[PDB]
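A look at the structure
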Amino acid sequence: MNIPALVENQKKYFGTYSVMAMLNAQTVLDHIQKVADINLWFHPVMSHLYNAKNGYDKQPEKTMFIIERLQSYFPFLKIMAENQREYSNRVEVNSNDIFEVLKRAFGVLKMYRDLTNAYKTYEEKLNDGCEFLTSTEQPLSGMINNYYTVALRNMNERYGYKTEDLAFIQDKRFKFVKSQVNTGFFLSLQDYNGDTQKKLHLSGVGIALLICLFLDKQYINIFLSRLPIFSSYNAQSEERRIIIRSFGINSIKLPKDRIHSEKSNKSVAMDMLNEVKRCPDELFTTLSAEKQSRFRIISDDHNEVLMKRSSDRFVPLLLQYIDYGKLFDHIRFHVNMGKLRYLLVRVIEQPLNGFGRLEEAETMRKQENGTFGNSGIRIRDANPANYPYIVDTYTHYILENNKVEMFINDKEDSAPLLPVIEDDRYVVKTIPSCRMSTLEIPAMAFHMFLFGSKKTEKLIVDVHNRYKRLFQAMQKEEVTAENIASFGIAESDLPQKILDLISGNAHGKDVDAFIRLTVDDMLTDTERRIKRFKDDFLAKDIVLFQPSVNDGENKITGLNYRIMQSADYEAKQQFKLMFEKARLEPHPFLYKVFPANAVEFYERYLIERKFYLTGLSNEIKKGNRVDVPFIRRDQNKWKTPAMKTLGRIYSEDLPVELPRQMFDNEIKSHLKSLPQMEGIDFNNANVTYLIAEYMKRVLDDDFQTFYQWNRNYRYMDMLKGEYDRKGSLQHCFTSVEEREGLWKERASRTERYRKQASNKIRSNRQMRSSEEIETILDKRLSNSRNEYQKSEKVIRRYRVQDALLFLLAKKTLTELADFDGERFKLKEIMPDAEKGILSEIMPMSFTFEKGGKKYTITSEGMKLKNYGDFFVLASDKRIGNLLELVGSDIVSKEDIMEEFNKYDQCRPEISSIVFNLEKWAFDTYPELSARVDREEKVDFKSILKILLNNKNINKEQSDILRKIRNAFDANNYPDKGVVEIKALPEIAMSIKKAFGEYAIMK
RNA sequence: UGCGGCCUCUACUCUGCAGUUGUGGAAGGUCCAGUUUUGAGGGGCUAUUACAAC
RNA sequence: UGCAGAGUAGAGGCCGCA
Ligand SMILES: [Mg+2]
């Protein structure tokens, strides 16, 4: 078999990127080894899989972890492993599949790495009909070809390509006989490669595709651009972009190294502006492919970026804005600062929660001595000596369940509140002063913008102090219908139990009703499950029915729960014994069950459950009170609330739940005073409405234009009632005005929809009752309607959130850079903005910490839209070693980007210099030709040795050549002192020049 | 070779759920509707945030 | 990470028709 001509003609590029490919693979395998505490197919992680399929599994938990992460870091492995299963019958992918795919991929990658990085070696593996070809290479070519079929299908989903745009590939890959691979196709992944046996091998394009599975997207683009693989399509063609996208769609995801940026007022401003240019995710799903495409932008460094919001970062951004701005004197937000682990066999975790400004808390979290706060306990990064320790995590705000928790300090400039640790075991936390809904944060921001943060803060603190005064009075039993108004809290902001208590209507929930209802519901479900079966459930239910004693200390604990859920005469005994050991105050029915298999056990469990619940129902029907179940009459839920007891729980035990519409009255009073707001009826004006009116009437602004684009919703499809030829519902894209009108007419339109839809269901014989169909449609319309309504409500919220970020960011930058804003407007903001604030040029400075060092990257002038460049540079593996060479931790952004592009151009030229050196050595010394012919491994290292001994090179020169060559293979810079260098951006160029000169002979 | 129906398998996207006990439904989630394109309001349901103890 | 539903795309088997 001959090496493909593409490979032979582009050897320097295949050489470079094959090396990069194999290093990237090792990196992933190494990472998995570390995290899971245990010739790349002999790697510990790969050995594990090899043995996992064959022998009895000693840790299935580890096997399954390895298989899950391998598929995370190598996304193509999902497709190839699924094809390997089918190839082989079991339903699911097994360690053998994963092992076989990767053994072959690695084997062929290694082969081509060796051929392309060596002037001459005699490769036995290329001999026609050999073991390597028959067992590894030829199977892989077929696998790769089948992989690509699916990759092209994924292109439709990922980038919204249509059949017409992919047909230039999809229609021409295979040729029909009676089916066959069209080896004449320009992008054919298989060829005969002059094999006399006439078996399909990987083609050159095939080898390029294999390599690109193991590259980053940036390097896929650099690599493929140097190959003539695009027939006649030109640099700017859509076809070229399709080809390149197809070669990256499922490529390696590398584990990313830790970065910690220093934040500032300016940085937070810029984080907010770069957030508002992105599409909200709830909006993006509703948009046509055309308009979704408008968020796919090309960066400065010619990289495609999807400008879409991962998540709603409005609230954290606002908290950073307040902290770094030092805008609240007394309020501090709830931060987590890691976890305490102690050994006490299980390990127990406790979160290290506290309150302070994110910066100040972070300064306290990690001492110079590497201990936490004032604790003494080591921050790490079955041995009792290793415990206790604290998991290393950067201070972040706690934001769960749509809440923001706070602590109110009496005095200004208070220190961070970190938890005390006791007995190296207990983390003594603080109940937050109060808790606010994340939905309240827009109005707070608006209040802050209109009045100032200090006035905003005074209002939060005053509201908090009113609730406290109320709860104190409850504890003295001094709250009446007569005096409730004096506490200054509106009825709609008081708990219902207080309102019940003052009205003389205090009651618990009715236990008897609840038990009667629960028993009936559960009996019905039991029969549903019995029927479904004849036609973690069990672990949850077994514990549900386990009686509690001694504050619940008797019930099944975490580890034993996991074992129970996961869990021949002896085998039967063993299974029964488990429930004896778990002491199942007994489970009410389980003992009746006691068999041969899980399936028998589930059936018997359900029958016995049915008999138990029937008994209970029958006793309820006799009017009897029963008590056996998991409902517990002594819980306060079921008792009447008392003023004094509830007063104490509200004051001492819980945070104050702050009300919604805290800031409304003050916002409205302000706006009423402005003459621009003269028209507005403030009796029908919510804060979402008023934000929009403010920016249109006071600021001559409007929301981003992408909130006006047409949107798709299934429910609106159903209401529009338009069908294709075959009779499927059409996907409409409506305007808001259209949907307003459909919604008004939803009753009529739903009637029509159901009539037609029912008729279409009846066509199928499998489904044949009438009421069966009515239920199917009921659920169809409810679910769809609910999805639509929620989506539209949330998008409206994103609009005003963006208004607020824009306003705050603009305020920061106006005062800071001394730039000329005032003219800038949210309506101008767009993902690729060519005008307005995002296009303004400003000096910038980005400071970050990586691998225990602290660096700064500057710009004397930079468009605000490009602020994301800094993270791309900081993330780069080379940044560390490069700045070691520069001899400064402070550097220009432009210089580093130029350096990195020049490095990228030098790397293949290094490969070429090596090649020509090896060639010289082979031409001079004929001993090596013999060593090749008798199949002996010659390396660069070997050639250097011959050059050294026969006095062509000296040790110094040998060491330099070796070290530079190694640095480039690593995709990194060499250590300081190896070679004399120039300044940025010519460091890589100067290293290349040295290598070139040290590779000339004596 | 084209078209229609039925069955099986695979992929992608979107929505819902996950130690024990206690406390808490002014908040959050969800459901209903002659409600909202103004996270506003009404009615039902529900321990989700947190903290203590194991 | 395990489980359920809906929409979309693709492949295989069977039948009828041109
Ligand atoms: Mg309200």
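So, how was this worked out
All residue numbers start from 1 on each chain and follow the order of its written sequence rather than the entry's numbering, and residues without coordinates are excluded. Chains and ligands are labelled by the order in which they are written, letters from A for the one and numbers from 1 for the other. Side-chain descriptors were evaluated using all non-hydrogen atoms of the structure, hydrogens and water having been removed beforehand. Secondary structure follows DSSP: runs of H or I at least 4 residues long count as helices, runs of E at least 2 residues long count as strands, and numbering of each begins at the N terminus. Partly exposed residues are those whose accessible area sits between 20% and 50% of the maximum for their type, while under 20% is buried and over 50% is exposed, using a 1.4 Å probe and protein chains only. Where accessible areas are quoted, they stem from the Shrake-Rupley method and a 1.4 Å probe; at the residue level, only the protein chains shown are allowed to cover. When charges are counted, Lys and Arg are positive and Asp and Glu negative, with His and the chain ends excluded. By convention, charge coordinates are those of NZ in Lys, CZ in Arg, CG in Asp, or CD in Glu. Proximity criterion: a residue is near a molecule or strand once any of its heavy atoms comes within 4 Å of it. Identification of polar contacts relies on pairs of N or O atoms within 3.5 Å, with a donor-acceptor requirement for protein atoms, meaning one able to donate a hydrogen and the other able to accept it, and with residues adjacent in sequence counted only if both atoms are side-chain atoms. Only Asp, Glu, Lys and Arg are considered charged, only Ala, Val, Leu, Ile, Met, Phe, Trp, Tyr, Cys and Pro nonpolar, and every remaining residue, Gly among them, polar. A pair of strands is considered paired only if DSSP assigns at least 2 bridges between the two. Here the limits of each domain have been adopted from an automatic or database domain assignment. A residue counts toward a patch only above 30% relative accessible area and without a salt bridge, and it is joined to like-charged neighbours within 9 Å or, for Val, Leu, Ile, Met, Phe, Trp and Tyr, to nonpolar neighbours within 5 Å. Salt bridge, as applied in this entry: a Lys or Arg side-chain nitrogen positioned within 4 Å of an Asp or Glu carboxyl oxygen. Any two residues whose heavy atoms approach within 4.5 Å are treated as being in contact. For this analysis, a ring pair means two rings from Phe, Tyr or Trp (six-membered ring only for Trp) whose centres lie within 6.5 Å, classed as stacked if their planes differ by under 30 degrees, edge-to-face if by over 60, and tilted for the remaining angles. In this description, a line fitted to the C-alpha atoms serves as the axis of each element, helices being fitted only across the stretch in contact, and the angle between N-to-C directions of two axes falls anywhere from 0 to 180 degrees. Definition of nonpolar core: a set of buried residues of the types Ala, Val, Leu, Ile, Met, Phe, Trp, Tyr and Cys, connected through side-chain atoms within 4.5 Å. Any angle between 65 and 115 degrees counts as roughly perpendicular, while under 35 counts as roughly parallel, over 145 as roughly antiparallel, and the rest as oblique. Each helix crossing is assigned a hand: it is left-handed if the near helix lies turned anticlockwise from the far helix by less than a right angle, otherwise right-handed if that turn is clockwise.

For this deposition, the record names cryo-EM as the technique by which the model was determined and cites 3.13 Å as its resolution.

Structural notes on the overall build of chain A
The number of helices and strands found in chain A is 39 helices and 20 strands. With the C-alpha coordinates of chain A rotated into their principal frame, the extents come out at 110 × 80 × 75 Å. Buried positions account for 47% of the 1002 residues belonging to chain A. Of the roughly 53,700 Å² of accessible surface on chain A, 47% is carried by carbon and sulfur atoms. Side-chain charges in chain A split into 154 positive and 144 negative, and the spacing between the mean points of these groups amounts to 3 Å.

A closer look at the protein's contact with RNA strand B
Around RNA strand B, the structure places 69 residues, and the nearest of them are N401, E405, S437, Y788 and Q789. A share of 70% is what sugar and phosphate atoms reach among the atoms of RNA strand B within 4 Å of the protein. Taking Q661, its side chain carries an N or O atom lying 3.0 Å from a phosphate oxygen of RNA strand B. For the surface near RNA strand B, the residue count by class is 20 nonpolar, 21 polar and 28 charged.

A short note on the pairing of strand β16 (residues 434-437)
Covered by surrounding structure in β16 are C434 and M436 together with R435 and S437, the residues of both alternating faces. With 4 bridges joining them, strand β13 (residues 403-408) and β16 adopt antiparallel strand pairing. Note that in β16 the partner of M406 across the bridge is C434.

Digging into the domain arrangement of chain A
Here the domain parsing of chain A yields domain 1 (5-246), domain 2 (329-439), domain 3 (518-629), domain 4 (712-799) and domain 5 (840-1002). Taking the mean C-alpha position of each, domain 1 and domain 2 sit 46 Å from one another.

Some words on the protein's contact with RNA strand C
What surrounds RNA strand C is the set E68, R153 and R714. Take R153: an N or O atom from its side chain is 2.9 Å from a sugar or linking oxygen of RNA strand C.

Overview of a positive patch on the surface
Among the surface-exposed residues, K78, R158, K217, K253 and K256 lie close enough to one another that they form a single positively charged patch. Topologically, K253 is positioned in the loop between α11 (238-246) and β5 (260-261).

Notes on the side chain of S261
With respect to the helices and strands, the residue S261 is situated in strand β5. The residues contacting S261, other than those within four sequence positions of it, are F846, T847, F848 and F871.

Remarks on the packing of aromatic side chains
On inspection of all chains with the given rule, the structure shows 59 aromatic pairs. Where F471 meets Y650, the ring centres are 5.2 Å apart and the plane angle is 40°; that geometry is what we call tilted. The exposure class of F471 is buried, given its relative accessible area of 5%. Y650 gets classed as buried once you look at its relative accessible area, which sits at 16%. An aromatic cluster is built from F545, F575, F579, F589, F594, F601, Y605, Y612 and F630, whose rings are joined through pairwise contacts.

As for the sheet that holds strand β20 (residues 890-892)
Strand order in the open sheet formed by 4 strands is β5-β18-β19-β20, with mixed pairing between adjacent strands. Either end of the sheet is taken by a strand with one partner, and the two such strands are β5 and β20. Sitting on the sheet, helix α34 (residues 879-886) touches β18 (841-850), β19 (853-863) and β20, and the angle it makes with β19 is about 90°. Its contacts with the sheet place helix α35 (residues 893-924) against β19 and β20, and it is angled at close to 75° to β20.

Some words on the nonpolar core
Counting 180 residues, the largest nonpolar core has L318, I460 and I837 as its most contacted members. Sort the elements by how many residues they give to this core and helix α32 (residues 770-816) lands first, with 16 residues. Setting aside anything within four residues of it in sequence, one finds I837 in contact with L273, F806, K810, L813, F819, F824, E828, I829 and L864.

So, helix α37 (residues 940-949)
Residues of α37 that are buried: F940, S942, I943, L944, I946 and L947. As for α37, its buried residues are in contact with α35, α36 (927-933), α38 (955-969) and α39 (987-998).

Quick word on the side chain of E123
With respect to the helices and strands, the residue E123 is situated in the loop between α6 (95-116) and α7 (131-159). Buried and unpaired, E123 has no salt bridge, with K125 as the nearest side chain of opposite charge at 4.3 Å. Each residue touching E123, except ones within four places of it in the same chain, is listed here: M111 and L115.

Some remarks on the pairing of strand β8 (residues 331-342)
Here β8 lies mainly inside the structure; 10 of its 12 residues are buried. Judged from the 3 bridges that link them, β8 and β13 form a sheet pairing that is antiparallel. In the strand pairing of β13, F333 is matched with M406. Pairing between β8 and strand β9 (residues 348-355): 7 bridges, direction antiparallel. Across the sheet, the residue bridging to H334 is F355, located in β9. Relative to strand β12 (residues 396-397), β8 runs antiparallel, the two being bridged by 2 bridges. Bridged to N336 within β12 is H396. Strand direction decides the pairing type here: β8 and strand β11 (residues 389-391), joined by 2 bridges, are antiparallel. Across the sheet, the residue bridging to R341 is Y389, located in β11.

Thoughts on the pattern of salt bridges
One pass over the full model with this rule turns up 49 salt bridges. We note a salt bridge from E440 to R660, for which the minimum N-O separation is 3.2 Å. The exposure class assigned to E440 is buried, which follows from its relative accessible area of 1%. Judged by relative accessible area, which is 36%, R660 ranks as partly exposed. For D778, the salt bridge goes to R754, with nearest N and O atoms at 2.3 Å. Put simply, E362, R365, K366 and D392 are held in one network by salt bridges that share partners.

With respect to the packing of α35 against α38
At their nearest, the axes of α35 and α38 sit 10 Å apart, and the two run at 135° to each other. Here α38 runs oblique to α35, going by the angle between their axes. The element α35 and its partner α38 pack so that their crossing is left-handed. Across the interface between the two elements, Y903, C906, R907, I910, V914 and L917 from α35 touch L961, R965, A967, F968 and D969 from α38. The residue makeup of the contact of α35 with α38, split by class, is 8 nonpolar, no polar and 3 charged.

Considerations on unusual backbone geometry
Here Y387 and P388 are connected by a cis peptide whose omega angle stands at -15°. With respect to the secondary-structure elements, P388 resides in the loop between β10 (379-380) and β11. Residue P985 is bonded to the preceding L984 through a cis peptide linkage, with omega at -10°. Structurally, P985 is set in the loop between α38 and α39. In the Ramachandran plot, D413 falls in the positive-phi region, its phi being about 60° despite a non-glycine side chain. Locating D413 in the fold gives a position in the loop between β13 and β14 (420-422). Look at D413 and you get exposed, because its relative accessible area is 66%. The phi dihedral of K951 is positive, around 60°, even though this residue is not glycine.

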